[PDB]
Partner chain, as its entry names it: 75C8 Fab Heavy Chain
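What follows is one chain in structure tokens, specifically the form deposited without its partner chain.
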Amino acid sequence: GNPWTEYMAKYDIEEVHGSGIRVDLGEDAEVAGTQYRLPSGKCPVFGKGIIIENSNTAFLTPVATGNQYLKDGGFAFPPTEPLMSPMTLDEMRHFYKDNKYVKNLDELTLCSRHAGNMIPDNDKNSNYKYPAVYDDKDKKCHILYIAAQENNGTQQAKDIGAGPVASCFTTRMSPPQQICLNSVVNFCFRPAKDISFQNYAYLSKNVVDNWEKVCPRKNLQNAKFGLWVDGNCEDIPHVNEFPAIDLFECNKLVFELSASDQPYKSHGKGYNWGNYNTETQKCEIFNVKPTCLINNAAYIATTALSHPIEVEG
């Protein structure tokens, strides 16, 4: 007897996303006998990036390679021959022009599939696929070489997402081609929604083709998450109030408290939702799936997955 069922489906994080948000390590994959953790969420995480502590290096900088003094880098794939990352949207469309399955794929899905094309060469039967970040401003897809997302002070490295030490990769696309790093690969960090990440989307290998329709992106203006009980949309019974100067800060707080696979698997369970009161500047965070919306002109409904700025009616 709930008329909101279909509308609210995209806010059922456990179902539509199915993995952690702050830290997504929801699946395991073997590469040459060794198990690794890797992101597996089905929805893009809008505005998510990685902040490297004691550094000005943007995390989309390619991972450091070589042995040079002051060697420094980020998380993205280093140069390869041919160059696989970063790749603009038009370069991806031209690169896959002979693959008729990539037609009509939107920017984010194409980027996730591009990142999933590289197989750690030591195991052709491996399901290991690297995650990616799409920059909607420059229209660039960055394949992440490091799948780890948090390290604030070996198996314990594997437990945070340390990927396989891989220098050569085989493409899943046919005809197969082997692509190796031009050099050998050799810090503490945390995920966050920083204002400088506003145009970024963090993408696991599992981002679904139809994310635009099933996943949350825009925050809901004049709306408040509730629970459907006996013909009425009741308030969430238990919330944690936090001060938030605007919607962005509230979305940032929801993201920090959201489902996390950091040491093991949340499967999407967590403080993933927030009702932001724009009059009292309060962020009301909760960990129960909402099943209806309340009409309240002072509220904006947000989720950890949602873009931290964009709103809709």
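Numbering follows the first chain given and starts at 1. Whichever C-alpha set is largest while still superposing within 1.5 Å between the two forms counts as the rigid core.
A second form of this protein, the form solved in complex with its partner chain, is not displayed here; the remarks below concern that form.
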* Could you confirm whether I51 comes within 4.5 Å of its partner chain in the deposited complex, counting heavy atoms only? => yes
* Asked: Do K252 and its partner chain come within 4.5 Å of each other in the deposited complex, heavy atoms counted?
  -> yes
* Flag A259 as yes or no: does it have a non-hydrogen atom within 4.5 angstroms of any non-hydrogen atom of its partner chain in the deposited complex? => no
* Non-hydrogen atom contact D194 with its partner chain in the deposited complex at 4.5 angstroms -> yes
* Of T109, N206, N122, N117, the one whose Cα moves 2 Å or more between the shown form and the other one after core superposition -> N122
* Is_shifted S55 between the shown form and the other one (CA, 2 Å cut-off, rigid core) -> yes
